[PDB]
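K.L.:
Please find upload-v5.txt (compact mmCIF, N, CA and C atoms and all ligand atoms) on the next line:
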# COMPACT_ATOMS: atom_id res chain seq x y z
N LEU A 630 3.81 14.73 17.90
CA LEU A 630 3.51 14.76 16.48
C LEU A 630 4.61 15.48 15.72
N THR A 631 4.81 15.13 14.45
CA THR A 631 5.68 15.91 13.60
C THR A 631 4.95 16.24 12.31
N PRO A 632 5.31 17.33 11.64
CA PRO A 632 4.62 17.66 10.38
C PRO A 632 4.75 16.56 9.35
N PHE A 633 5.91 15.91 9.29
CA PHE A 633 6.11 14.85 8.31
C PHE A 633 5.21 13.65 8.60
N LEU A 634 5.11 13.24 9.86
CA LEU A 634 4.29 12.07 10.17
C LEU A 634 2.81 12.37 9.98
N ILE A 635 2.40 13.62 10.24
CA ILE A 635 1.02 14.01 9.98
C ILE A 635 0.73 13.95 8.48
N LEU A 636 1.69 14.40 7.67
CA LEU A 636 1.52 14.30 6.22
C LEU A 636 1.42 12.85 5.77
N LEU A 637 2.23 11.96 6.35
CA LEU A 637 2.14 10.55 5.97
C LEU A 637 0.79 9.97 6.36
N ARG A 638 0.25 10.38 7.52
CA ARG A 638 -1.07 9.92 7.93
C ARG A 638 -2.13 10.34 6.93
N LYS A 639 -2.10 11.60 6.53
CA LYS A 639 -3.06 12.10 5.55
C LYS A 639 -2.90 11.37 4.23
N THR A 640 -1.66 11.21 3.78
CA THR A 640 -1.39 10.52 2.52
C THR A 640 -1.88 9.08 2.55
N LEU A 641 -1.64 8.38 3.66
CA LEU A 641 -2.09 7.00 3.77
C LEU A 641 -3.61 6.90 3.70
N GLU A 642 -4.32 7.82 4.36
CA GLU A 642 -5.78 7.85 4.24
C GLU A 642 -6.20 8.08 2.79
N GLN A 643 -5.53 9.00 2.10
CA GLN A 643 -5.89 9.29 0.71
C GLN A 643 -5.66 8.08 -0.19
N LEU A 644 -4.59 7.32 0.06
CA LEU A 644 -4.35 6.13 -0.75
C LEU A 644 -5.41 5.07 -0.48
N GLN A 645 -5.77 4.87 0.80
CA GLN A 645 -6.76 3.87 1.15
C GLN A 645 -8.12 4.21 0.57
N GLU A 646 -8.44 5.50 0.46
CA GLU A 646 -9.71 5.91 -0.15
C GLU A 646 -9.81 5.42 -1.59
N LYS A 647 -8.68 5.33 -2.29
CA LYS A 647 -8.69 4.84 -3.67
C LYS A 647 -8.99 3.35 -3.75
N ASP A 648 -8.75 2.60 -2.68
CA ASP A 648 -9.01 1.17 -2.64
C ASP A 648 -10.47 1.00 -2.22
N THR A 649 -11.37 1.25 -3.17
CA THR A 649 -12.80 1.28 -2.87
C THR A 649 -13.32 -0.09 -2.44
N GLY A 650 -12.67 -1.18 -2.85
CA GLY A 650 -13.09 -2.48 -2.38
C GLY A 650 -12.55 -2.91 -1.04
N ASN A 651 -11.66 -2.09 -0.46
CA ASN A 651 -10.92 -2.40 0.76
C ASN A 651 -10.16 -3.72 0.65
N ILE A 652 -9.77 -4.12 -0.56
CA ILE A 652 -9.13 -5.42 -0.71
C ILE A 652 -7.67 -5.39 -0.28
N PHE A 653 -7.06 -4.22 -0.16
CA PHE A 653 -5.69 -4.11 0.33
C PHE A 653 -5.62 -3.61 1.76
N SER A 654 -6.73 -3.63 2.49
CA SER A 654 -6.77 -3.05 3.83
C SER A 654 -6.00 -3.87 4.85
N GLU A 655 -5.92 -5.18 4.66
CA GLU A 655 -5.31 -6.09 5.61
C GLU A 655 -4.43 -7.09 4.87
N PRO A 656 -3.53 -7.78 5.57
CA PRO A 656 -2.70 -8.79 4.91
C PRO A 656 -3.52 -9.77 4.09
N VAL A 657 -3.00 -10.12 2.92
CA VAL A 657 -3.57 -11.19 2.10
C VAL A 657 -3.70 -12.41 3.01
N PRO A 658 -4.88 -13.01 3.13
CA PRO A 658 -5.08 -14.07 4.13
C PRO A 658 -4.36 -15.36 3.78
N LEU A 659 -3.30 -15.69 4.53
CA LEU A 659 -2.51 -16.87 4.21
C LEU A 659 -3.30 -18.16 4.37
N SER A 660 -4.36 -18.15 5.19
CA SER A 660 -5.20 -19.33 5.33
C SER A 660 -5.98 -19.63 4.05
N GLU A 661 -6.35 -18.60 3.29
CA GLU A 661 -7.03 -18.82 2.02
C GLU A 661 -6.06 -19.04 0.88
N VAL A 662 -4.84 -18.52 1.02
CA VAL A 662 -3.83 -18.50 -0.02
C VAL A 662 -2.55 -19.11 0.54
N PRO A 663 -2.49 -20.43 0.73
CA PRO A 663 -1.37 -21.00 1.49
C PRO A 663 -0.04 -20.98 0.75
N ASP A 664 -0.03 -20.76 -0.56
CA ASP A 664 1.20 -20.67 -1.33
C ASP A 664 1.67 -19.24 -1.53
N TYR A 665 1.01 -18.27 -0.90
CA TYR A 665 1.32 -16.86 -1.18
C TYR A 665 2.78 -16.55 -0.90
N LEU A 666 3.31 -17.06 0.21
CA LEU A 666 4.70 -16.78 0.57
C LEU A 666 5.69 -17.54 -0.29
N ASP A 667 5.24 -18.56 -1.04
CA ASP A 667 6.10 -19.18 -2.03
C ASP A 667 6.57 -18.16 -3.06
N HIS A 668 5.71 -17.20 -3.38
CA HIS A 668 5.94 -16.26 -4.47
C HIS A 668 6.28 -14.86 -4.01
N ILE A 669 5.75 -14.43 -2.87
CA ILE A 669 5.84 -13.04 -2.44
C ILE A 669 6.81 -12.96 -1.27
N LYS A 670 7.93 -12.25 -1.48
CA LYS A 670 8.98 -12.14 -0.48
C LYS A 670 8.52 -11.34 0.74
N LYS A 671 7.85 -10.22 0.51
CA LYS A 671 7.52 -9.27 1.58
C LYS A 671 6.09 -8.79 1.38
N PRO A 672 5.13 -9.46 1.99
CA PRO A 672 3.74 -9.02 1.89
C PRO A 672 3.58 -7.61 2.44
N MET A 673 2.59 -6.90 1.90
CA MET A 673 2.29 -5.56 2.40
C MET A 673 0.81 -5.26 2.19
N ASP A 674 0.31 -4.33 2.99
CA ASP A 674 -1.10 -3.98 3.02
C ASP A 674 -1.21 -2.69 3.83
N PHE A 675 -2.38 -2.06 3.75
CA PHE A 675 -2.54 -0.74 4.36
C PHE A 675 -2.52 -0.78 5.89
N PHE A 676 -2.99 -1.87 6.51
CA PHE A 676 -2.93 -1.93 7.97
C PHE A 676 -1.48 -2.02 8.44
N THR A 677 -0.69 -2.87 7.80
CA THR A 677 0.73 -2.96 8.14
C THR A 677 1.44 -1.62 7.92
N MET A 678 1.09 -0.90 6.86
CA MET A 678 1.66 0.43 6.65
C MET A 678 1.31 1.37 7.80
N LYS A 679 0.04 1.37 8.23
CA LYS A 679 -0.35 2.24 9.34
C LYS A 679 0.42 1.86 10.60
N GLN A 680 0.59 0.56 10.84
CA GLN A 680 1.35 0.11 12.00
C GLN A 680 2.79 0.58 11.92
N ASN A 681 3.40 0.46 10.72
CA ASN A 681 4.75 0.97 10.51
C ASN A 681 4.83 2.46 10.78
N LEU A 682 3.85 3.21 10.29
CA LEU A 682 3.84 4.66 10.45
C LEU A 682 3.80 5.02 11.92
N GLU A 683 2.83 4.45 12.65
CA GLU A 683 2.66 4.75 14.06
C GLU A 683 3.82 4.25 14.89
N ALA A 684 4.61 3.31 14.37
CA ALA A 684 5.78 2.82 15.07
C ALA A 684 7.06 3.55 14.67
N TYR A 685 6.94 4.64 13.89
CA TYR A 685 8.05 5.49 13.47
C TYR A 685 9.03 4.77 12.56
N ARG A 686 8.54 3.82 11.79
CA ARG A 686 9.40 3.12 10.86
C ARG A 686 9.49 3.81 9.50
N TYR A 687 8.69 4.86 9.27
CA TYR A 687 8.83 5.73 8.10
C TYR A 687 9.28 7.12 8.55
N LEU A 688 10.59 7.38 8.43
CA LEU A 688 11.17 8.69 8.70
C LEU A 688 11.42 9.48 7.42
N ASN A 689 11.24 8.86 6.26
CA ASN A 689 11.40 9.54 4.99
C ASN A 689 10.31 9.05 4.05
N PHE A 690 10.05 9.85 3.04
CA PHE A 690 8.93 9.56 2.17
C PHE A 690 9.18 8.32 1.33
N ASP A 691 10.44 8.08 0.94
CA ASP A 691 10.75 6.95 0.06
C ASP A 691 10.38 5.63 0.68
N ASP A 692 10.68 5.45 1.97
CA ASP A 692 10.38 4.17 2.61
C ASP A 692 8.88 3.94 2.63
N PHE A 693 8.11 5.00 2.85
CA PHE A 693 6.65 4.91 2.83
C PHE A 693 6.15 4.59 1.43
N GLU A 694 6.64 5.32 0.42
CA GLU A 694 6.11 5.11 -0.92
C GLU A 694 6.48 3.73 -1.45
N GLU A 695 7.67 3.23 -1.09
CA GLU A 695 8.06 1.90 -1.53
C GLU A 695 7.12 0.83 -0.98
N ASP A 696 6.59 1.01 0.23
CA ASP A 696 5.66 0.02 0.75
C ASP A 696 4.32 0.08 0.02
N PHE A 697 3.84 1.28 -0.33
CA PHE A 697 2.66 1.37 -1.18
C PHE A 697 2.89 0.65 -2.50
N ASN A 698 4.03 0.92 -3.14
CA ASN A 698 4.33 0.26 -4.41
C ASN A 698 4.39 -1.25 -4.25
N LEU A 699 4.77 -1.73 -3.07
CA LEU A 699 4.83 -3.16 -2.81
C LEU A 699 3.43 -3.77 -2.74
N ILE A 700 2.45 -3.03 -2.21
CA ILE A 700 1.07 -3.52 -2.22
C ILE A 700 0.65 -3.81 -3.65
N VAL A 701 0.96 -2.86 -4.55
CA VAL A 701 0.62 -3.00 -5.95
C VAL A 701 1.42 -4.13 -6.60
N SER A 702 2.75 -4.09 -6.47
CA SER A 702 3.56 -5.04 -7.23
C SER A 702 3.39 -6.47 -6.75
N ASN A 703 3.18 -6.69 -5.45
CA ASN A 703 2.90 -8.04 -4.97
C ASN A 703 1.64 -8.60 -5.60
N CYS A 704 0.63 -7.74 -5.74
CA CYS A 704 -0.66 -8.17 -6.29
C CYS A 704 -0.53 -8.48 -7.78
N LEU A 705 0.15 -7.62 -8.54
CA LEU A 705 0.37 -7.92 -9.95
C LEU A 705 1.17 -9.20 -10.12
N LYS A 706 2.11 -9.46 -9.21
CA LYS A 706 2.94 -10.64 -9.35
C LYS A 706 2.14 -11.91 -9.08
N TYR A 707 1.38 -11.92 -7.99
CA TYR A 707 0.72 -13.15 -7.56
C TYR A 707 -0.44 -13.52 -8.47
N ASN A 708 -1.18 -12.53 -8.97
CA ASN A 708 -2.47 -12.77 -9.59
C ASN A 708 -2.39 -12.70 -11.11
N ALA A 709 -3.16 -13.55 -11.78
CA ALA A 709 -3.25 -13.47 -13.23
C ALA A 709 -3.87 -12.15 -13.65
N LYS A 710 -3.55 -11.72 -14.87
CA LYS A 710 -4.02 -10.43 -15.34
C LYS A 710 -5.53 -10.35 -15.35
N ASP A 711 -6.19 -11.46 -15.71
CA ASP A 711 -7.65 -11.53 -15.77
C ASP A 711 -8.21 -11.92 -14.40
N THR A 712 -7.97 -11.05 -13.42
CA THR A 712 -8.58 -11.21 -12.11
C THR A 712 -9.01 -9.85 -11.59
N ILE A 713 -9.96 -9.89 -10.66
CA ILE A 713 -10.39 -8.67 -9.98
C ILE A 713 -9.21 -8.04 -9.24
N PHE A 714 -8.34 -8.87 -8.64
CA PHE A 714 -7.23 -8.31 -7.85
C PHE A 714 -6.23 -7.59 -8.74
N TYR A 715 -5.80 -8.22 -9.83
CA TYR A 715 -4.85 -7.57 -10.73
C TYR A 715 -5.42 -6.26 -11.26
N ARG A 716 -6.68 -6.27 -11.70
CA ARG A 716 -7.27 -5.06 -12.25
C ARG A 716 -7.36 -3.97 -11.19
N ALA A 717 -7.67 -4.36 -9.94
CA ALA A 717 -7.73 -3.39 -8.86
C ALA A 717 -6.36 -2.83 -8.52
N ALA A 718 -5.32 -3.66 -8.60
CA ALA A 718 -3.98 -3.16 -8.31
C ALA A 718 -3.53 -2.17 -9.36
N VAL A 719 -3.86 -2.42 -10.63
CA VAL A 719 -3.53 -1.46 -11.68
C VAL A 719 -4.22 -0.13 -11.43
N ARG A 720 -5.51 -0.17 -11.07
CA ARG A 720 -6.22 1.08 -10.82
C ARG A 720 -5.66 1.80 -9.60
N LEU A 721 -5.25 1.04 -8.58
CA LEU A 721 -4.67 1.66 -7.39
C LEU A 721 -3.33 2.30 -7.70
N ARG A 722 -2.52 1.65 -8.55
CA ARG A 722 -1.27 2.26 -9.00
C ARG A 722 -1.52 3.58 -9.72
N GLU A 723 -2.50 3.62 -10.61
CA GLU A 723 -2.78 4.85 -11.35
C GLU A 723 -3.32 5.94 -10.44
N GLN A 724 -4.34 5.63 -9.64
CA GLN A 724 -4.95 6.64 -8.79
C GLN A 724 -4.02 7.04 -7.65
N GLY A 725 -3.21 6.11 -7.16
CA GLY A 725 -2.31 6.43 -6.06
C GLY A 725 -1.12 7.27 -6.49
N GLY A 726 -0.64 7.07 -7.72
CA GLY A 726 0.49 7.86 -8.19
C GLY A 726 0.25 9.35 -8.07
N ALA A 727 -0.95 9.81 -8.39
CA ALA A 727 -1.23 11.24 -8.28
C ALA A 727 -1.21 11.68 -6.82
N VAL A 728 -1.74 10.84 -5.93
CA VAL A 728 -1.72 11.16 -4.50
C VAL A 728 -0.28 11.27 -4.01
N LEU A 729 0.56 10.32 -4.41
CA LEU A 729 1.95 10.31 -3.95
C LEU A 729 2.76 11.44 -4.55
N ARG A 730 2.46 11.83 -5.78
CA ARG A 730 3.20 12.93 -6.41
C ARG A 730 2.96 14.23 -5.66
N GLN A 731 1.69 14.54 -5.35
CA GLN A 731 1.40 15.77 -4.62
C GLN A 731 1.96 15.70 -3.20
N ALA A 732 1.86 14.53 -2.56
CA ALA A 732 2.32 14.41 -1.18
C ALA A 732 3.84 14.49 -1.09
N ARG A 733 4.55 13.88 -2.04
CA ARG A 733 6.00 13.99 -2.02
C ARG A 733 6.45 15.43 -2.23
N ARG A 734 5.73 16.20 -3.04
CA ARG A 734 6.09 17.60 -3.21
C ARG A 734 5.93 18.39 -1.92
N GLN A 735 5.16 17.88 -0.96
CA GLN A 735 5.01 18.55 0.34
C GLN A 735 6.12 18.17 1.31
N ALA A 736 6.53 16.90 1.32
CA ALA A 736 7.57 16.45 2.23
C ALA A 736 8.94 17.00 1.85
N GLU A 737 9.16 17.28 0.57
CA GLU A 737 10.47 17.75 0.15
C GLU A 737 10.71 19.20 0.53
N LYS A 738 9.70 20.07 0.39
CA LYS A 738 9.83 21.45 0.81
C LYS A 738 9.55 21.64 2.29
N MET A 739 9.45 20.54 3.04
CA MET A 739 9.28 20.58 4.48
C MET A 739 10.57 21.08 5.11
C1 LIG B 1 -4.84 -13.77 -3.02
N1 LIG B 1 -5.12 -12.33 -2.83
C2 LIG B 1 -4.33 -11.44 -3.43
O1 LIG B 1 -3.38 -11.83 -4.11
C3 LIG B 1 -4.56 -10.07 -3.28
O2 LIG B 1 -3.83 -9.25 -3.84
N2 LIG B 1 -5.57 -9.65 -2.54
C4 LIG B 1 -5.82 -8.20 -2.38
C5 LIG B 1 -6.37 -10.55 -1.93
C6 LIG B 1 -7.43 -10.09 -1.15
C7 LIG B 1 -8.29 -10.94 -0.49
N3 LIG B 1 -9.26 -10.33 0.23
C8 LIG B 1 -10.37 -9.65 -0.48
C9 LIG B 1 -11.61 -9.44 0.39
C10 LIG B 1 -11.21 -8.79 1.68
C11 LIG B 1 -10.32 -9.77 2.44
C12 LIG B 1 -9.04 -10.05 1.66
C13 LIG B 1 -8.10 -12.32 -0.62
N4 LIG B 1 -8.94 -13.14 0.05
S1 LIG B 1 -9.65 -14.44 -0.72
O3 LIG B 1 -10.39 -15.28 0.32
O4 LIG B 1 -8.63 -15.30 -1.44
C14 LIG B 1 -10.76 -13.82 -1.87
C15 LIG B 1 -11.66 -12.83 -1.50
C16 LIG B 1 -12.55 -12.34 -2.44
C17 LIG B 1 -12.56 -12.82 -3.75
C18 LIG B 1 -11.64 -13.80 -4.13
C19 LIG B 1 -10.75 -14.30 -3.18
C20 LIG B 1 -11.59 -14.33 -5.43
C21 LIG B 1 -12.28 -13.43 -6.44
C22 LIG B 1 -13.65 -13.12 -5.87
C23 LIG B 1 -13.48 -12.25 -4.65
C24 LIG B 1 -7.03 -12.80 -1.40
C25 LIG B 1 -6.16 -11.91 -2.06
What would you get if you wrote out this structure as structure tokens?

P.N.:
Amino acid sequence: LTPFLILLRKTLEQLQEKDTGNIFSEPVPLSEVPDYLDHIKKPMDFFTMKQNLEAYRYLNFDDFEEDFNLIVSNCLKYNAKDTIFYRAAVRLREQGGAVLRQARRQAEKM
């Protein structure tokens, strides 16, 4: 274990708690959304983030936070504004920003 990776684990749990519908917990289902990859270059979701974390693919906070931001921005891009998904991504961006601000202040003074 390392202190940084433990912090990322805690931070990832805190971000997922904000996704009360669990709609970002797993990859957007390509079987239901067959054109998703037409529009979205790099899909992201909380399970893939956890897999990245446990595989040591986040050694710095920026790479981790950019993947969180990708969950949000992919959703805003794909979905019309008047959808449950778009509205949920906006709320996740707002509620997650505070989580990431406090967590980044911990990794920097590490
Ligand atoms: C295309 N899409 C996104 O762009 C996106 O950001 N998310 C986060 C999505 C997330 C899901 N779920 C959400 C449930 C958990 C499994 C993954 C799906 N599955 S779904 O069968 O199309 C579906 C599912 C539920 C509802 C609708 C579509 C339409 C509105 C009514 C509710 C597509 C998503």

K.L.:
Can you tell me which residues sit at most 9 Å away from ligand LIG 1 (chain B), counting only C-alpha atoms and all ligand atoms, written as a list in words?

P.N.:
residues 650, 651, 652, 653, 654, 655, 656, 657, 658, 659, 660, 661, 662, 665, 674, 700, 701, 703, 704, 705, 706, 707, 708, 712, 713, 714, 715, 717 and 718 of chain A

K.L.:
Would you save the residues from that selection as an mmCIF file, keeping the file's coordinate frame, using N, CA and C atoms?

P.N.:
data_model
loop_
_atom_site.group_PDB
_atom_site.id
_atom_site.type_symbol
_atom_site.label_atom_id
_atom_site.label_comp_id
_atom_site.auth_asym_id
_atom_site.auth_seq_id
_atom_site.Cartn_x
_atom_site.Cartn_y
_atom_site.Cartn_z
ATOM 1 N N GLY A 650 -12.670 -1.180 -2.850
ATOM 2 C CA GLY A 650 -13.090 -2.480 -2.380
ATOM 3 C C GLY A 650 -12.550 -2.910 -1.040
ATOM 4 N N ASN A 651 -11.660 -2.090 -0.460
ATOM 5 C CA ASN A 651 -10.920 -2.400 0.760
ATOM 6 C C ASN A 651 -10.160 -3.720 0.650
ATOM 7 N N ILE A 652 -9.770 -4.120 -0.560
ATOM 8 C CA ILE A 652 -9.130 -5.420 -0.710
ATOM 9 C C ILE A 652 -7.670 -5.390 -0.280
ATOM 10 N N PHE A 653 -7.060 -4.220 -0.160
ATOM 11 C CA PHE A 653 -5.690 -4.110 0.330
ATOM 12 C C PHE A 653 -5.620 -3.610 1.760
ATOM 13 N N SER A 654 -6.730 -3.630 2.490
ATOM 14 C CA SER A 654 -6.770 -3.050 3.830
ATOM 15 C C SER A 654 -6.000 -3.870 4.850
ATOM 16 N N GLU A 655 -5.920 -5.180 4.660
ATOM 17 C CA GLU A 655 -5.310 -6.090 5.610
ATOM 18 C C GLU A 655 -4.430 -7.090 4.870
ATOM 19 N N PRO A 656 -3.530 -7.780 5.570
ATOM 20 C CA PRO A 656 -2.700 -8.790 4.910
ATOM 21 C C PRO A 656 -3.520 -9.770 4.090
ATOM 22 N N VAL A 657 -3.000 -10.120 2.920
ATOM 23 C CA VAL A 657 -3.570 -11.190 2.100
ATOM 24 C C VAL A 657 -3.700 -12.410 3.010
ATOM 25 N N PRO A 658 -4.880 -13.010 3.130
ATOM 26 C CA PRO A 658 -5.080 -14.070 4.130
ATOM 27 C C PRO A 658 -4.360 -15.360 3.780
ATOM 28 N N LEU A 659 -3.300 -15.690 4.530
ATOM 29 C CA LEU A 659 -2.510 -16.870 4.210
ATOM 30 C C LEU A 659 -3.300 -18.160 4.370
ATOM 31 N N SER A 660 -4.360 -18.150 5.190
ATOM 32 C CA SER A 660 -5.200 -19.330 5.330
ATOM 33 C C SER A 660 -5.980 -19.630 4.050
ATOM 34 N N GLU A 661 -6.350 -18.600 3.290
ATOM 35 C CA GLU A 661 -7.030 -18.820 2.020
ATOM 36 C C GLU A 661 -6.060 -19.040 0.880
ATOM 37 N N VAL A 662 -4.840 -18.520 1.020
ATOM 38 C CA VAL A 662 -3.830 -18.500 -0.020
ATOM 39 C C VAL A 662 -2.550 -19.110 0.540
ATOM 40 N N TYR A 665 1.010 -18.270 -0.900
ATOM 41 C CA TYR A 665 1.320 -16.860 -1.180
ATOM 42 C C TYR A 665 2.780 -16.550 -0.900
ATOM 43 N N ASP A 674 0.310 -4.330 2.990
ATOM 44 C CA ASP A 674 -1.100 -3.980 3.020
ATOM 45 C C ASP A 674 -1.210 -2.690 3.830
ATOM 46 N N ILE A 700 2.450 -3.030 -2.210
ATOM 47 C CA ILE A 700 1.070 -3.520 -2.220
ATOM 48 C C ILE A 700 0.650 -3.810 -3.650
ATOM 49 N N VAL A 701 0.960 -2.860 -4.550
ATOM 50 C CA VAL A 701 0.620 -3.000 -5.950
ATOM 51 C C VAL A 701 1.420 -4.130 -6.600
ATOM 52 N N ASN A 703 3.180 -6.690 -5.450
ATOM 53 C CA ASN A 703 2.900 -8.040 -4.970
ATOM 54 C C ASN A 703 1.640 -8.600 -5.600
ATOM 55 N N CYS A 704 0.630 -7.740 -5.740
ATOM 56 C CA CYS A 704 -0.660 -8.170 -6.290
ATOM 57 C C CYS A 704 -0.530 -8.480 -7.780
ATOM 58 N N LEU A 705 0.150 -7.620 -8.540
ATOM 59 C CA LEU A 705 0.370 -7.920 -9.950
ATOM 60 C C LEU A 705 1.170 -9.200 -10.120
ATOM 61 N N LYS A 706 2.110 -9.460 -9.210
ATOM 62 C CA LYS A 706 2.940 -10.640 -9.350
ATOM 63 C C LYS A 706 2.140 -11.910 -9.080
ATOM 64 N N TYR A 707 1.380 -11.920 -7.990
ATOM 65 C CA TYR A 707 0.720 -13.150 -7.560
ATOM 66 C C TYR A 707 -0.440 -13.520 -8.470
ATOM 67 N N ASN A 708 -1.180 -12.530 -8.970
ATOM 68 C CA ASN A 708 -2.470 -12.770 -9.590
ATOM 69 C C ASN A 708 -2.390 -12.700 -11.110
ATOM 70 N N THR A 712 -7.970 -11.050 -13.420
ATOM 71 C CA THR A 712 -8.580 -11.210 -12.110
ATOM 72 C C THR A 712 -9.010 -9.850 -11.590
ATOM 73 N N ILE A 713 -9.960 -9.890 -10.660
ATOM 74 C CA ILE A 713 -10.390 -8.670 -9.980
ATOM 75 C C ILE A 713 -9.210 -8.040 -9.240
ATOM 76 N N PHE A 714 -8.340 -8.870 -8.640
ATOM 77 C CA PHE A 714 -7.230 -8.310 -7.850
ATOM 78 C C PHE A 714 -6.230 -7.590 -8.740
ATOM 79 N N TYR A 715 -5.800 -8.220 -9.830
ATOM 80 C CA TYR A 715 -4.850 -7.570 -10.730
ATOM 81 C C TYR A 715 -5.420 -6.260 -11.260
ATOM 82 N N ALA A 717 -7.670 -4.360 -9.940
ATOM 83 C CA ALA A 717 -7.730 -3.390 -8.860
ATOM 84 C C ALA A 717 -6.360 -2.830 -8.520
ATOM 85 N N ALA A 718 -5.320 -3.660 -8.600
ATOM 86 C CA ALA A 718 -3.980 -3.160 -8.310
ATOM 87 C C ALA A 718 -3.530 -2.170 -9.360
#

K.L.:
Find the nearest atom pair between each residue of stretch 630-720 of chain A and stretch 728-738 of chain A for residues within 8 Å, count only C-alpha atoms, give distances in Å to one decimal, sort rows by chain and ascending number, and present the table as a Markdown table.

P.N.:
| residue | atom | partner | partner_atom | distance |
| --- | --- | --- | --- | --- |
| A:633 | CA | A:736 | CA | 6.5 |
| A:636 | CA | A:732 | CA | 7.4 |
| A:640 | CA | A:732 | CA | 6.5 |
| A:643 | CA | A:728 | CA | 6.9 |
| A:644 | CA | A:728 | CA | 6.8 |
| A:690 | CA | A:733 | CA | 6.8 |
| A:694 | CA | A:729 | CA | 7.3 |

K.L.:
Selected residues, N, CA and C atoms, written as an mmCIF file, keeping the file's coordinate frame, please.

P.N.:
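Okay, selection-v7.cif is ready:
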data_model
loop_
_atom_site.group_PDB
_atom_site.id
_atom_site.type_symbol
_atom_site.label_atom_id
_atom_site.label_comp_id
_atom_site.auth_asym_id
_atom_site.auth_seq_id
_atom_site.Cartn_x
_atom_site.Cartn_y
_atom_site.Cartn_z
ATOM 1 N N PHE A 633 5.910 15.910 9.290
ATOM 2 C CA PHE A 633 6.110 14.850 8.310
ATOM 3 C C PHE A 633 5.210 13.650 8.600
ATOM 4 N N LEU A 636 1.690 14.400 7.670
ATOM 5 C CA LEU A 636 1.520 14.300 6.220
ATOM 6 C C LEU A 636 1.420 12.850 5.770
ATOM 7 N N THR A 640 -1.660 11.210 3.780
ATOM 8 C CA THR A 640 -1.390 10.520 2.520
ATOM 9 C C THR A 640 -1.880 9.080 2.550
ATOM 10 N N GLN A 643 -5.530 9.000 2.100
ATOM 11 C CA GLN A 643 -5.890 9.290 0.710
ATOM 12 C C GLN A 643 -5.660 8.080 -0.190
ATOM 13 N N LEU A 644 -4.590 7.320 0.060
ATOM 14 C CA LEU A 644 -4.350 6.130 -0.750
ATOM 15 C C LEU A 644 -5.410 5.070 -0.480
ATOM 16 N N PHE A 690 10.050 9.850 3.040
ATOM 17 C CA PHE A 690 8.930 9.560 2.170
ATOM 18 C C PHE A 690 9.180 8.320 1.330
ATOM 19 N N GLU A 694 6.640 5.320 0.420
ATOM 20 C CA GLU A 694 6.110 5.110 -0.920
ATOM 21 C C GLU A 694 6.480 3.730 -1.450
#

K.L.:
Give the helix (DSSP H, G or I) residues of chain A, as assigned by DSSP on the backbone, as a PyMOL selection string.

P.N.:
chain A and resi 632-647+665-668+675-683+690-707+713-737

K.L.:
As JSON, please: the centre and edge lengths in Å, to one decimal, of an axis-aligned box enclosing every listed atom of stretch 670-675 of chain A with 6 Å added on each side.

P.N.:
{"center_x": 3.2, "center_y": -6.5, "center_z": 2.2, "size_x": 23.5, "size_y": 23.5, "size_z": 19.4}

K.L.:
A:699, A:727, A:709, A:716: which is nearest residue A:671, counting only N, CA and C atoms?

P.N.:
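Among the listed residues, the smallest separation from residue A:671 belongs to A:699.
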
K.L.:
Measuring atom to atom with only C-alpha atoms, identify which of A:631, A:697, A:726, A:646 is nearest to residue A:672.

P.N.:
A:697

K.L.:
Just give me the gap between atom N of residue A:686 and atom N of residue A:634 in Å, one decimal is fine.

P.N.:
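One can read the atom N of residue A:686 to atom N of residue A:634 distance as 10.2 Å.
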
K.L.:
Rounded to one decimal in Å, what is the spacing between atom CA of residue A:630 and atom CA of residue A:687?

P.N.:
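Distance reported for this atom pair: 13.4 Å.
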
K.L.:
May I ask for the distance between atom CA of residue A:685 and atom CA of residue A:639, given in Å to one decimal place?

P.N.:
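Distance reported for this atom pair: 15.2 Å.
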
K.L.:
Just the residues within 7 Å of residue A:647, please, counting all atoms listed in the file, with nothing from its chain fewer than 4 positions along; format it as an MDAnalysis selection string.

P.N.:
chainID A and resid 642:643 651 720:721 724:725

K.L.:
Starting from the incomplete input, reconstruct N, CA, C and O atoms of stretch 700-706 of chain A and report them as an mmCIF file, in the coordinates of the input.

P.N.:
data_model
loop_
_atom_site.group_PDB
_atom_site.id
_atom_site.type_symbol
_atom_site.label_atom_id
_atom_site.label_comp_id
_atom_site.auth_asym_id
_atom_site.auth_seq_id
_atom_site.Cartn_x
_atom_site.Cartn_y
_atom_site.Cartn_z
ATOM 1 N N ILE A 700 2.450 -3.030 -2.210
ATOM 2 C CA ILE A 700 1.070 -3.520 -2.220
ATOM 3 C C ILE A 700 0.650 -3.810 -3.650
ATOM 4 O O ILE A 700 0.113 -4.877 -3.971
ATOM 5 N N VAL A 701 0.960 -2.860 -4.550
ATOM 6 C CA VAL A 701 0.620 -3.000 -5.950
ATOM 7 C C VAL A 701 1.420 -4.130 -6.600
ATOM 8 O O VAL A 701 0.854 -5.024 -7.240
ATOM 9 N N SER A 702 2.750 -4.090 -6.470
ATOM 10 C CA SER A 702 3.560 -5.040 -7.230
ATOM 11 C C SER A 702 3.390 -6.470 -6.750
ATOM 12 O O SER A 702 3.441 -7.399 -7.569
ATOM 13 N N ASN A 703 3.180 -6.690 -5.450
ATOM 14 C CA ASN A 703 2.900 -8.040 -4.970
ATOM 15 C C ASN A 703 1.640 -8.600 -5.600
ATOM 16 O O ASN A 703 1.577 -9.775 -5.968
ATOM 17 N N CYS A 704 0.630 -7.740 -5.740
ATOM 18 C CA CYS A 704 -0.660 -8.170 -6.290
ATOM 19 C C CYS A 704 -0.530 -8.480 -7.780
ATOM 20 O O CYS A 704 -1.030 -9.520 -8.245
ATOM 21 N N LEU A 705 0.150 -7.620 -8.540
ATOM 22 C CA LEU A 705 0.370 -7.920 -9.950
ATOM 23 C C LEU A 705 1.170 -9.200 -10.120
ATOM 24 O O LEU A 705 0.970 -9.937 -11.083
ATOM 25 N N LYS A 706 2.110 -9.460 -9.210
ATOM 26 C CA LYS A 706 2.940 -10.640 -9.350
ATOM 27 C C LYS A 706 2.140 -11.910 -9.080
ATOM 28 O O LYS A 706 2.197 -12.867 -9.854
#
